[PDB]
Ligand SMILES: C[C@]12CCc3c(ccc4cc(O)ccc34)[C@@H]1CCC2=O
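In the form solved without this ligand, a lone chain appears below as structure tokens.
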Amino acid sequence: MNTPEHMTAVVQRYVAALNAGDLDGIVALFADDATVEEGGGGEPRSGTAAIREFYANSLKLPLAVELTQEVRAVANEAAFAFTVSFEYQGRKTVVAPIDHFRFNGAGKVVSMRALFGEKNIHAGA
């Protein structure tokens, strides 16, 4: 049993932890044998240490992360639309993915799949 309220709060913990650059808090959301994958990126990575590494790379720059719509949560799944903004060498980029989490009866995330393509990356020259 997962509630929609629980899964929504887990998405919001996730978004806030990227904002905070809190890797322990991001990884604590996941089950021990979870996997993470980004749609057009490399193969899925599985289990606690791999998941940690995946996110450490995401965080080399401070990130401004925000949900851009209400979370969709039902049954044991949640999907959400959001943006990740960051600065580098004087240019602001805003990336807008949609991510999908699947939960276990424990309420932990067993899989996260993120989807964004080159059209979802908004940045001046």
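Don't overthink the numbering: it's just position in the shown sequence, from 1.
The PDB entry records a higher mean C-alpha B factor for 109 to 117 than for its counterpart among 109 to 117 and 7 to 15.
Comparing 34 to 42 with 79 to 87, the higher mean C-alpha B-factor in the PDB entry belongs to 34 to 42.
Residue set 95, 27, 73, 59: peak C-alpha B-factor at 59 (per PDB entry).
Ranked against the other modelled residues of its chain, the C-alpha B-factor of residue 53 as given in the entry falls in the highest third.
This protein has a second form, the form deposited with this ligand bound, left out of what is shown; the following refers to that one.
In the bound PDB entry, this ligand lies within 4.5 Å of some heavy atom of residue 99.
Heavy atoms of residue 58 reach within 4.5 Å of this ligand in the bound PDB entry, making it an interface residue. Not displayed here, this ligand is approached by residue 112 to within 4.5 Å at the level of heavy atoms in the bound PDB entry. The closest non-hydrogen atom of residue 18 lies within 4.5 Å of this ligand in the bound PDB entry.
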